[PDB]
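Asker: The structure that follows is given in the form of structure tokens.
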Amino acid sequence: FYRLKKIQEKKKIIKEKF
Amino acid sequence: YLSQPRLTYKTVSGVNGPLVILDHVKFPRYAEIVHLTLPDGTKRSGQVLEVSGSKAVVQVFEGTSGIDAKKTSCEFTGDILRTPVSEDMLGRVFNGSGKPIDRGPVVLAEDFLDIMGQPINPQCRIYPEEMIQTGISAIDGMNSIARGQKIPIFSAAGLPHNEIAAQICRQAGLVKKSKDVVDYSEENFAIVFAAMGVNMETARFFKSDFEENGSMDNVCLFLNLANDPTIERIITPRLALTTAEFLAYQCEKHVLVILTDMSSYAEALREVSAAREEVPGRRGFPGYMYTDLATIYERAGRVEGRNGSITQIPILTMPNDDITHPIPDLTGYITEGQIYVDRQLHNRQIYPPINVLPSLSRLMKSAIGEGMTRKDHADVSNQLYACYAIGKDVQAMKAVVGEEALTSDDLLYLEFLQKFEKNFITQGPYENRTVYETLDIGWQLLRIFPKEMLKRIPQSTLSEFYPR
Amino acid sequence: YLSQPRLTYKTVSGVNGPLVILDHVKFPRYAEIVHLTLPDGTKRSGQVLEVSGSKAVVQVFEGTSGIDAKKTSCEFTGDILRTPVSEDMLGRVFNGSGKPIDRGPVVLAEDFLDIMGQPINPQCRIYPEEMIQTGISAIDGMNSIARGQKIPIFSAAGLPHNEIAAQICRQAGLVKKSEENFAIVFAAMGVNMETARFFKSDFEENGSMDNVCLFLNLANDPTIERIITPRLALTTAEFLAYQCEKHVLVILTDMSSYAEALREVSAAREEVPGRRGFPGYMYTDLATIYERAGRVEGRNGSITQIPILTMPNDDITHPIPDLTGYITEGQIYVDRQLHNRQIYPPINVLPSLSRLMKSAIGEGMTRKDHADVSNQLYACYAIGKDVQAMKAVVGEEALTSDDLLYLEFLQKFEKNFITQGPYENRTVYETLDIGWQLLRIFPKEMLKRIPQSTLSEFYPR
Amino acid sequence: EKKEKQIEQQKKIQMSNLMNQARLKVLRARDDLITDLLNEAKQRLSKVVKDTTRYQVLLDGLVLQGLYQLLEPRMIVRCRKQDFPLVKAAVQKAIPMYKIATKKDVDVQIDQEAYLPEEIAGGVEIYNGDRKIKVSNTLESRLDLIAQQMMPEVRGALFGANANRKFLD
Amino acid sequence: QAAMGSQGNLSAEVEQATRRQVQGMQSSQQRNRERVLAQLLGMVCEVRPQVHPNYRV
Amino acid sequence: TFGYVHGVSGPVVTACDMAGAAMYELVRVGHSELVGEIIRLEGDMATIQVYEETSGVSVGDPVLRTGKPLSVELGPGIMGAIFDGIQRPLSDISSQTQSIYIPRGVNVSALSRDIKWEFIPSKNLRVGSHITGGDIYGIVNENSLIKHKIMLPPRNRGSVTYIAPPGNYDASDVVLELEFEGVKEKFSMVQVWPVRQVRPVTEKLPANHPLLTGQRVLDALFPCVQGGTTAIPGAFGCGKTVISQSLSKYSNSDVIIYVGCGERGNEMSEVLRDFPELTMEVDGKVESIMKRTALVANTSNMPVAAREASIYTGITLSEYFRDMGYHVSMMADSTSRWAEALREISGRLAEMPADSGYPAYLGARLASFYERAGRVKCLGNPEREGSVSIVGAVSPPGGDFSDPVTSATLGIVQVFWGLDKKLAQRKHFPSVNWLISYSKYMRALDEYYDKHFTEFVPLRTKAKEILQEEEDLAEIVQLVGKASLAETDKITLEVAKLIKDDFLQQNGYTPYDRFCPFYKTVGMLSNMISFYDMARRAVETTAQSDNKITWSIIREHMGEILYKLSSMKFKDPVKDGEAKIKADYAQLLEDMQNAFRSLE
Amino acid sequence: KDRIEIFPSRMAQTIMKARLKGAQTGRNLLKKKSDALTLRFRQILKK
């Protein structure tokens with residue numbers, strides 16, 4: 001669960017690049 | 001009244017998985033319904049799931065395929081899904097989304113109600129007081145159900161729960177015959193059978209059995225095959241609940257609703273959760289299963305100033321004999337009481353395979369008694385349970401000890417046990433059984449024993465049938 | 001000395017959980033302290049945790065509530081948290097944050113010391129070997145605690161660990177026999193106030209409130225100040241030890257609540273978890289809490305720690321007991337089974353262990369036969385337990401004389417040695433004599449843990 | 001035995017309570033003394049406010065501290081009703097010093113409507129362009145922080161050093 | 001009754017002692033409080049301009 | 001205020017165009033006024049949590065600003081009403097709409113403001129006098145059993161400038177105009193108090209009075225102190241109404257508050273029927289427990305936060321009434337459901353599953369919840385005193401005491417009351433295990449017993465050790481064959497049988513056993529233990545030398561006395577004078593020593 | 001000793017559960033057997 005949460009947050013912050 | 005013409009767009013940034021993301025939407029609204037059109041003139045539908053200013057998102061029910069960047073059009077309806085609820089569906093069959101499948105027309109409904117439904121006043125609720133006739137002796141005799149009582153049916157994959165459910169459909173009735181046959185002419189009883197995710201074979205089995213019984217004057221059959229859209233799976237129970245509420249309250253009926261395979265319903269919930277981009281919870285199921293299942297279960301009971309009730313009986317497919325699985329645990333938490341089936345009894349070719357040893361009805365003590373039925377029904381069920389327990393225990397001692405050390409009373413217990421599974425548990429497919437003759441059968445079984453060891457019942461009530 | 005006028009910014013760019021972000025902050029000072037003015041006027045406090053660019057994340061000691069991004073204000077100190085220390089604080093009571101509780105004044109603070117403290121030079125350490133007089137036979141004789149050591153007590157809910165703490169802080173002494181006395185220090189960790197009242201009453205029972213530096217914290221108080229309180233108490237201990245030439249009996253309680261608060265902070269900060277989901281740096285934090293102890297060259301003072309902790313589910317492999325065992329030398333492990341057997345003091349002697357026998361005992365301090373007596377007693381008790389387990393199934397008939405002797409020895413050991421009572425201080429010599437009397441039941445031949453010379457010298461009595 | 005232990009506990013408890021109360025009264029006296037000293041200092045500061053000549057230098061120092069601290073293009077200054085002729089003069093004196101010190105220009109204004117409370121003994125307030133950054137460079141605050149930071153030497157002169165203080169560190 | 005009598009006696013004694021120490025503390029104050037507040041004024045008089053240590057243009 | 005409404009990851013929705021606001025601040029959304037509050041904030045926009053189906057909510061819709069966090073409103077008329085988790089007057093809602101469904105977003109104050117009440121000022125406060133928080137300034141005759149005192153809220157003080165005379169004032173009326181330093185304020189008889197904190201109290205005093213219970217069992221064996229904390233197990237059919245009804249009717253407590261989440265309407269209709277039936281005749285007349293109790297319940301349809309916060313709301317109401325100077329009892333039903341609700345909330349907020357899916361801070365929250373109890377005394381002029389007791393029900397999964405929540409509840413609580421289904425089907429009422437149930441409040445009440453009765457503790461200890469002796473010898477007497485045992489073992493077994501069939505039973509429906517007073521309990525206990533004492537004393541005397549007495553001789557000689565011991569419960573203390581009952585005990589004892597002397 | 005060697009997995013959970021249940025079944029059978037045997041023993045002793 002923690003690993004999935006971490007990658008989801010990574011994808012999210014990548015999404016807000018612009 | 002909606003006097004606002006519909007809007008059709010053509011711009012779309014793209015899609016994403018089974019969802020559809022577009023832009024420049026004028027004043028989007030959540031859970032808004034929408035129709036779609038492909039380049040080849042193919043029509044679909046959808047529901048709105050996410051909104052961010054001008055960027056709307058919508059899941060296509062039929063399933064995304066062949067969608068083009070420019071040559072596609074959506075058309076908003078500007079309203080949540082609107083159920084065409086009414087009284088005349090009885091004797092009709094519908095698919096997942098309510099489209100007729102029995103070669104009938106679009107329903108000419110007199111009412112338009114919200115699909116999601118609303119909760120009831122907790123103040124406005126009554127204590128259940130009567131029972132419902134089921135026709136299975138193991139059910140009525142041991143764990144009789146009441147009006148508003150919610151009882152599930154636990155069953156393993158690959159058991160004949162579906163046939164038992166169909167029998168309960170074609171057999172369920174009231175008990176007004178006890179007071180007078182003339183009083184039974186008030187046939188306010190009804191049935192609402194919804195099957196989801198079921199193979200076409202058993203769907204055909206259901207519809208054929210119903211058509212054979214010739215009792216669809218008081219039935220509302222919703223059906224949803226497995227291959228149908230995943231989204232529509234979470235839609236059918238809400239439609240069934242809305243229709244059941246309409247019949248029970250606005251039409252003052254006593255509706256027995258039954259639901260099947262809520263494990264697959266949980267899988268559909270998982271589908272939408274994956275579509276929502278929300279991290280899964282325990283055992284992968286979403287952490288808000290509780291609220292949704294609670295809203296589904298609690299739509300029943302009796303109300304003040306009304307003549308009607310709703311009784312729910314779901315069927316849960318216990319995954320691989322896992323009592324600790326979250327779904328059955330929470331379903332036991334919400335509902336009241338439970339009924340078990342057995343694989344070993346199914347292997348013994350005794351139908352229906354119902355295990356009464358762990359079975360328990362929560363509020364049976366007030367669902368049964370004098371006036372409602374014969375006075376000593378609960379007494380009889382308690383006697384049968386205790387005698388069955390003693391018979392099982394002495395058989396277990398027997399299997400290792402031996403008949404050399406066995407006394408006559410134990411032989412009588414063994415005979416009672418054998419006759420009990422041979423006769424009382426055994427029902428058969430088309431044996432319309434009533435409460436009175438089942439009570440007679442139980443009395444005949446109890447009469448194998450004299451009064452000496454029939455201790456738990458006062459003699460004042462044993463004189464009623466023991467000396468016959 | 002800091003002649004720099006203070007600053008204050010209103011640019012609150014967000015709040016998420018117990019964290020707050022401040023944008024346009026000019027030249028952030030890391031590990032700072034700030035004060036917060038709520039719109040209604042209530043005061044709050046926190047420390048800056050993270051800084052990056054013109055942003056500064058800050059955690060709030062008392063917890064986020066009511067903070068408005070447009071109305072509240074925040075002002076900046078420019079210095080790490082420094083706590084007031086004072087030798088006159090003894091006999092007073094304060095909350096976790098340090099403010100007075102007894103309508104006492106703002107303490108006149110002999111100096112301002114770093115809350116995080118500083119490490120100690122390795123070479124500037126001296127080993128302690130003075131045995132302490134506890135008055136409990138199960139400690140003096142078996143798990144004797146010496147000065148400059150940090151043995152905790154592993155206890156569960158409902159156990160009488162509080163009374164053990166009372167006894168050890170009451171009957172403190174010196175085995176080696178001017179006057180002596182121990183400057184008690186104690187800080188609560190969110191424990192229910194009934195235990196706090198009991199400790200207070202027992203501390204007046206001691207009759208030396210003038211040497212009782214006390215701190216308090218209750219369950220209903222904000223959780224996150226529990227991260228600060230023990231560090232403040234330890235700073236006070238440092239000040240009273242290495243600046244006033246005094247011995248301090250530092251004692252804590254309920255480290256499980258501390259672990260829980262640190263866990264909640266870490267979860268809010270989404271660090272990498274560990275075993276059972278605990279923070280990775282919980283070990284280093286516990287190290288900063290515990291290794292601040294001992295005594296150093298040029299000073300006659302010393303630091304002794306008794307950080308009793310809760311032990312959930314009575315599971316030895318639970319992470320908090322495990323890591324506390326690693327970071328420390330010794331343990332006590334009060335037993336639930338003994339308390340259910342209605343025996344006091346209920347300390348299991350077997351799982352307990354003290355690592356300071358290497359120098360605390362021996363000839364010239366107590367005797368030339370302490371260590372071998374204790375080793376023999378441990379071996380006899382363990383084998384007695386094993387034969388008891390065997391008897392639990394086999395039955396007395398198939399046993400041998402040795403088995404019955406071992407069972408009788410175990411019975412004597414439990415009824416006499418462990419049974420000590422609530423207010424009966426006992427000397428080292430009496431415990432040694434009692435142990436010898438217990439051991440006398442076995443003839444000399446089967447004593448496989450005693451040298452020949454001592455066995456010939458002392459046994460025949 | 002049990003009654004005697006009970007009554008003994010009662011009387012020793014009430015004795016310890018008396019001792020604690022007596023020591024608390026002692027501390028009350030110490031607190032009163034130090035608070036009176038702070039009040040003495042405050043009234044002396046208000047007394048010496050009147051000297052215009054040194055006050056001018058003090059305002060110069062305060063405004064140049066504000067300039068050296070705010071480091072922005074938009075400067076705002078607030079002051080009392082009966083001192084702004086001195087404050088603006090100090091501002092013109094302090095502008096070129098800041099410009100040479102920081103190699104950058106700066107625009108400054110003075111609030112002609114909002115003025116500090118009359119109860120303020122001294123000092124000014126510094127605001128940025130958007131009133132989101134403030135420096136509380138008033139006499140009360142600097143007095144307070146200086147007193148807090150200097151408490152040790154204050155009492156070291158008054159109450160003297162501690163006998164038990166063995167090592168300075 | 002004897003206990004409360006002795007308690008009154010001891011309370012009077014310790015009250016006398018506390019008043020004596022109060023007199024001692026006020027004497028210690030008036031010894032040098034004037035020089036002390038003079039030191040405070042000397043401290044607060046300073047300004048010492050200083051730009052932030054590691055600011056760069 | 002034009003909420004830039006986004007979609008949802010469930011019910012949770014965010015929006016923009018929000019001015020200065022603080023987290024956990026109530027907000028209405030849309031023209032349907034769906035309820036929520038702030039979760040997170042950032043820049044100018046904030047995320048929020050709604051508690052209803054968000055369907056029909058469009059973009060840009062208005063959001064109503066408030067000025068308080070989650071809070072409860074309290075005042076006259078709260079007693080006797082029914083509510084839910086977010087303090088909504090469902091009775092008034094059915095009165096206003098006459099429908100069978102919840103109207104979404106009810107804008108109805110819990111207290112009907114169109115009702116008049118008879119107010120009398122203090123008569124002691126004068127114009128220009130200074131008063132602070134917690135100080136009574138008047139009263140209102142809310143009901144004939146309980147006088148509803150009205151006092152200033154905390155954090156408020158000033159010099160009164162006007163006092164409203166006695167008369168007939170509605171809920172919206174003003175009675176006090178208090179000039180604080182430089183400002184003025186308005187004050188009505190309703191007050192608003194946030195929920196996630198405790199109103200300050202002047203001091204906490206130790207508990208020094210037993211909690212009266214109608215059942216003699218659980219009182220003379222395993223007592224609970226007034227103002228304490230208790231844990232009762234909860235199982236389908238084991239029997240929970242047996243304690244709830246007895247506590248509501250027969251109890252020294254002044255007010256009752258019942259809370260819960262995920263329950264049925266059956267208990268509600270039961271208490272409706274118990275309004276006339278379970279009436280207490282303090283004045284010889286039928287007054288409804290409704291006047292003395294307030295109900296609040298929630299179904300599983302209610303939002304998760306409503307279930308979460310109803311438990312806090314119970315403590316808030318109990319605090320409001322303990323401030324008045326009264327004694328409160330709390331029925332915190334279905335705590336495991338509260339734990340599940342908190343788990344659901346954490347799952348919504350995407351926290352880590354610290355233990356068994358439950359969040360990290362469950363135990364800390366439970367400890368904080370159980371911190372609010374005990375005997376206290378609050379700010380005010382007359383220096384009243386009150387107390388608050390808690391009774392939290394716990395539903396273990398099948399009796400396993402291993403899941404974290406039950407372990408925490410066992411750890412924090414002091415006295416545990418055990419229940420059993422074996423005893424339930426054994427037609428034993430009430431069921432108590434006697435071996436897992438324990439207490440820890442004996443130490444506090446020692447002085448009370450020593451002052452009032454002076455024989456309670458030794459007789460109680462003799463009773464419990466006799467029961468333990470029976471439990472021990474049960475295995476030995478099973479192993480031997482139940483035909484060989486010393487005479488003292490026989491008398492211990494026999495007195496265990498008698499204390500079983502006689503002292504540890506009670507029938508509520510039986511008119512004379514409806515209430516068993518404490519003095520009756522200790523009288524039975526002393527009589528029975530003294531009989532056993534003389535019995536085994538004489539047995540030990542005669543066993544060695546000659547005239548060896550056996551139980552057969554004792555029974556045939558003292559059969560009349562055994563019958564009297566069995567039948568002495570039939571007393572009816574309501575009619576029979578208490579002094580006559582004590583005289584009956586005296587003459588029964590007289591017969592005891594006469595028979596024992598004549599035996600020798 | 002303190003445990004049986006096995007790698008954690010759902011498989012071992014199921015297998016250990018089954019073995020456990022069989023163990024209590026055996027315990028019940030042996031208990032009933034011993035009870036009957038003790039009854040007969042007492043009878044023959046008296047006779």
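In the structure tokens, each chain is lettered A, B, ... as it comes, each chain's residues begin at 1, and ligands are numbered from 1 in order of appearance.
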Give me the residues within 10 Å of residue 49 of chain E as a PyMOL selection string, counting only C-alpha atoms and dropping any in the same chain fewer than 3 places off.
Answerer: (chain C and resi 3-4) or (chain D and resi 61-62+64-66+68-69) or (chain E and resi 46+52)
Asker: Need to verify the contact set: residue 353 of chain B, 12 Å, only C-alpha atoms, exclusion of same-chain residues closer than 4 positions in sequence. Can you return it as an MDAnalysis selection string?
Answerer: chainID B and resid 136 138:139 153:156 159:161 163:164 339:349 421:422 424:428
Asker: Restricting the output to N, CA, C and O atoms, write the selected residues as a short mmCIF file (atom, residue, chain, number, x, y, z; two decimals), in the first residue's frame.
Answerer:
data_model
loop_
_atom_site.label_atom_id
_atom_site.label_comp_id
_atom_site.auth_asym_id
_atom_site.auth_seq_id
_atom_site.Cartn_x
_atom_site.Cartn_y
_atom_site.Cartn_z
N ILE B 136 -40.08 -23.51 2.35
CA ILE B 136 -39.01 -24.43 2.70
C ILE B 136 -39.16 -24.73 4.19
O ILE B 136 -39.17 -23.81 5.01
N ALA B 138 -37.13 -26.17 6.34
CA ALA B 138 -35.96 -25.80 7.13
C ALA B 138 -35.93 -24.31 7.45
O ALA B 138 -35.38 -23.92 8.48
N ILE B 139 -36.52 -23.48 6.59
CA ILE B 139 -36.51 -22.03 6.79
C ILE B 139 -37.58 -21.64 7.81
O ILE B 139 -37.26 -21.08 8.86
N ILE B 153 -28.09 -15.19 2.88
CA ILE B 153 -27.93 -16.61 2.62
C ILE B 153 -26.50 -16.83 2.16
O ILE B 153 -26.15 -16.53 1.01
N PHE B 154 -25.67 -17.37 3.05
CA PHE B 154 -24.29 -17.67 2.70
C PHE B 154 -24.22 -18.95 1.89
O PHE B 154 -24.91 -19.93 2.19
N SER B 155 -23.38 -18.94 0.86
CA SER B 155 -23.24 -20.10 -0.02
C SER B 155 -21.88 -20.04 -0.71
O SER B 155 -21.38 -18.96 -1.03
N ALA B 156 -21.31 -21.21 -0.95
CA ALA B 156 -20.04 -21.32 -1.64
C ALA B 156 -20.27 -21.33 -3.15
O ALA B 156 -21.37 -21.62 -3.63
N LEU B 159 -22.68 -24.08 -5.67
CA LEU B 159 -23.74 -24.72 -4.90
C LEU B 159 -25.10 -24.37 -5.49
O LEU B 159 -25.21 -23.43 -6.28
N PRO B 160 -26.16 -25.13 -5.16
CA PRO B 160 -27.47 -24.84 -5.77
C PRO B 160 -28.24 -23.74 -5.04
O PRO B 160 -29.44 -23.90 -4.76
N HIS B 161 -27.58 -22.63 -4.73
CA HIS B 161 -28.27 -21.48 -4.16
C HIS B 161 -29.23 -20.84 -5.16
O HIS B 161 -30.29 -20.36 -4.76
N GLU B 163 -31.07 -22.25 -7.54
CA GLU B 163 -32.32 -23.00 -7.62
C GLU B 163 -33.16 -22.78 -6.37
O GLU B 163 -34.39 -22.68 -6.45
N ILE B 164 -32.51 -22.71 -5.20
CA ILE B 164 -33.24 -22.42 -3.97
C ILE B 164 -33.89 -21.05 -4.05
O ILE B 164 -35.05 -20.87 -3.65
N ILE B 339 -28.10 -17.44 7.73
CA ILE B 339 -28.43 -18.82 7.41
C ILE B 339 -27.29 -19.42 6.61
O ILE B 339 -26.77 -18.77 5.69
N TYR B 340 -26.90 -20.64 6.95
CA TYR B 340 -25.77 -21.32 6.33
C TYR B 340 -26.24 -22.48 5.46
O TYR B 340 -27.28 -23.10 5.73
N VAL B 341 -25.47 -22.76 4.42
CA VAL B 341 -25.62 -23.97 3.63
C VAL B 341 -24.34 -24.78 3.81
O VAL B 341 -23.33 -24.27 4.30
N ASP B 342 -24.39 -26.04 3.40
CA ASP B 342 -23.30 -26.98 3.64
C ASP B 342 -22.90 -27.68 2.35
O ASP B 342 -23.76 -28.10 1.56
N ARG B 343 -21.59 -27.80 2.13
CA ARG B 343 -21.09 -28.55 0.99
C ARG B 343 -21.26 -30.05 1.20
O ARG B 343 -21.60 -30.78 0.26
N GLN B 344 -21.03 -30.53 2.42
CA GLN B 344 -21.14 -31.96 2.68
C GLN B 344 -22.56 -32.46 2.43
O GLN B 344 -22.76 -33.53 1.84
N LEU B 345 -23.57 -31.69 2.87
CA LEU B 345 -24.95 -32.09 2.61
C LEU B 345 -25.23 -32.13 1.12
O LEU B 345 -25.96 -33.01 0.64
N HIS B 346 -24.68 -31.18 0.36
CA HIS B 346 -24.83 -31.21 -1.09
C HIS B 346 -24.18 -32.46 -1.67
O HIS B 346 -24.69 -33.04 -2.64
N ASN B 347 -23.05 -32.88 -1.11
CA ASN B 347 -22.41 -34.11 -1.56
C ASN B 347 -23.25 -35.33 -1.20
O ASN B 347 -23.20 -36.35 -1.90
N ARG B 348 -24.02 -35.25 -0.12
CA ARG B 348 -24.91 -36.33 0.31
C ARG B 348 -26.18 -36.40 -0.52
O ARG B 348 -27.01 -37.28 -0.26
N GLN B 349 -26.36 -35.50 -1.49
CA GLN B 349 -27.51 -35.53 -2.39
C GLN B 349 -28.82 -35.32 -1.62
O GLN B 349 -29.84 -35.94 -1.92
N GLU B 421 -33.04 -35.84 8.80
CA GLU B 421 -32.47 -35.43 7.51
C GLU B 421 -33.18 -36.11 6.35
O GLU B 421 -33.24 -35.55 5.25
N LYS B 422 -33.73 -37.31 6.57
CA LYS B 422 -34.41 -37.99 5.47
C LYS B 422 -35.68 -37.26 5.05
O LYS B 422 -36.01 -37.23 3.86
N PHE B 424 -37.47 -34.09 7.09
CA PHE B 424 -37.71 -32.67 7.33
C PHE B 424 -36.79 -31.80 6.48
O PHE B 424 -37.26 -30.88 5.80
N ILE B 425 -35.49 -32.06 6.51
CA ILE B 425 -34.56 -31.28 5.70
C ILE B 425 -34.85 -31.50 4.22
O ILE B 425 -34.80 -30.56 3.42
N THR B 426 -35.15 -32.74 3.84
CA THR B 426 -35.50 -33.03 2.45
C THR B 426 -36.79 -32.31 2.08
O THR B 426 -37.80 -32.44 2.77
N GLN B 427 -36.74 -31.56 0.99
CA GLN B 427 -37.86 -30.76 0.52
C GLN B 427 -38.31 -31.15 -0.88
O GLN B 427 -39.51 -31.35 -1.10
N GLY B 428 -37.38 -31.27 -1.82
CA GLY B 428 -37.72 -31.53 -3.20
C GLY B 428 -38.00 -30.25 -3.95
O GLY B 428 -38.16 -29.18 -3.37
#
Asker: Let me make sure I understand: among F:381, F:58, F:71, F:49, which one has the smallest atom-to-atom distance to chain B if we use only C-alpha atoms?
Answerer: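 Closest to chain B, using only C-alpha atoms: F:58.
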Asker: With only C-alpha atoms as the counted atoms, please give the residues lying no more than 12 Å from residue 31 of chain G, apart from itself and same-chain residues fewer than 4 positions off, as a list in words.
Answerer: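 Once the nearby chain positions are removed, what remains is residues 396, 397, 400 and 401 of chain B; 24, 25, 26, 27, 35, 36, 37 and 38 of chain G.
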Asker: Put those residues in a file: N, CA and C atoms, as a PDB file, in the first residue's frame.
Answerer:
ATOM      1  N   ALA B 396     -21.226 -38.787  17.216  1.00  0.00           N
ATOM      2  CA  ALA B 396     -19.780 -38.596  17.264  1.00  0.00           C
ATOM      3  C   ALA B 396     -19.138 -39.514  18.298  1.00  0.00           C
ATOM      4  N   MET B 397     -19.735 -39.607  19.490  1.00  0.00           N
ATOM      5  CA  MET B 397     -19.249 -40.562  20.484  1.00  0.00           C
ATOM      6  C   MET B 397     -19.320 -41.987  19.930  1.00  0.00           C
ATOM      7  N   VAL B 400     -16.536 -43.714  17.395  1.00  0.00           N
ATOM      8  CA  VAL B 400     -15.291 -44.239  17.945  1.00  0.00           C
ATOM      9  C   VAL B 400     -15.514 -45.206  19.099  1.00  0.00           C
ATOM     10  N   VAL B 401     -16.665 -45.174  19.768  1.00  0.00           N
ATOM     11  CA  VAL B 401     -16.866 -46.014  20.951  1.00  0.00           C
ATOM     12  C   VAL B 401     -17.461 -47.375  20.589  1.00  0.00           C
TER      13      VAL B 401
ATOM     14  N   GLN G  24      -8.696 -30.411  17.363  1.00  0.00           N
ATOM     15  CA  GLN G  24      -9.794 -30.356  18.335  1.00  0.00           C
ATOM     16  C   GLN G  24     -10.774 -31.511  18.153  1.00  0.00           C
ATOM     17  N   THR G  25     -10.997 -31.966  16.917  1.00  0.00           N
ATOM     18  CA  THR G  25     -11.854 -33.139  16.737  1.00  0.00           C
ATOM     19  C   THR G  25     -11.298 -34.333  17.509  1.00  0.00           C
ATOM     20  N   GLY G  26      -9.993 -34.569  17.378  1.00  0.00           N
ATOM     21  CA  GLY G  26      -9.363 -35.630  18.145  1.00  0.00           C
ATOM     22  C   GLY G  26      -9.479 -35.423  19.639  1.00  0.00           C
ATOM     23  N   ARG G  27      -9.317 -34.179  20.087  1.00  0.00           N
ATOM     24  CA  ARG G  27      -9.413 -33.891  21.512  1.00  0.00           C
ATOM     25  C   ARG G  27     -10.794 -34.254  22.040  1.00  0.00           C
ATOM     26  N   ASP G  35     -13.829 -40.316  29.358  1.00  0.00           N
ATOM     27  CA  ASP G  35     -14.947 -40.150  30.283  1.00  0.00           C
ATOM     28  C   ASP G  35     -15.723 -41.452  30.454  1.00  0.00           C
ATOM     29  N   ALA G  36     -16.044 -42.116  29.341  1.00  0.00           N
ATOM     30  CA  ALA G  36     -16.738 -43.397  29.437  1.00  0.00           C
ATOM     31  C   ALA G  36     -15.903 -44.408  30.212  1.00  0.00           C
ATOM     32  N   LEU G  37     -14.595 -44.431  29.951  1.00  0.00           N
ATOM     33  CA  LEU G  37     -13.728 -45.389  30.623  1.00  0.00           C
ATOM     34  C   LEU G  37     -13.672 -45.121  32.126  1.00  0.00           C
ATOM     35  N   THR G  38     -13.646 -43.849  32.536  1.00  0.00           N
ATOM     36  CA  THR G  38     -13.642 -43.543  33.967  1.00  0.00           C
ATOM     37  C   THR G  38     -14.947 -43.975  34.619  1.00  0.00           C
TER      38      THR G  38
END
Asker: Which residues of chain A sit at most 9 Å from chain F, using only C-alpha atoms? Give each one's shortest atom pair and distance in Å (one decimal place), in chain and ascending residue order, as a tab-separated table.
Answerer:
residue	atom	partner	partner_atom	distance
A:1	CA	F:352	CA	7.9
A:2	CA	F:352	CA	7.4
A:5	CA	F:350	CA	8.7
Asker: Show me, as number ranges by chain, the residues of chain B whose atoms get within 8 Å of chain F, using only C-alpha atoms for the distance check.
Answerer: B: 27-32, 49-53, 79-80, 118-127, 276-279, 281-282, 287-288, 290-291, 294-295, 298, 303, 334, 362
Asker: Find the spatial neighbours of residue 3 of chain A, counting only C-alpha atoms, within a cut-off of 12 Å - ignore same-chain residues fewer than 5 positions away - and output them as a list in words.
Answerer: residues 8, 9 and 10 of chain A; 279 of chain B; 270, 271, 272 and 273 of chain C; 352 of chain F
Asker: Taking only C-alpha atoms into account, find every residue of chain F that has an atom no more than 10 Å from chain G, and write it out as a list in words.
Answerer: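 Close to chain G, chain F has residues 479, 480 and 481 of chain F.
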Asker: Might you pull out every residue within 12 Å of residue 26 of chain E, with only C-alpha atoms counted and same-chain residues fewer than 4 positions away left off, and present them as a list in words?
Answerer: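 Once the nearby chain positions are removed, what remains is residues 26, 29, 30, 31, 32, 33, 34, 36, 37, 158 and 159 of chain D; 19, 20, 21, 22, 30, 31, 32 and 33 of chain E.
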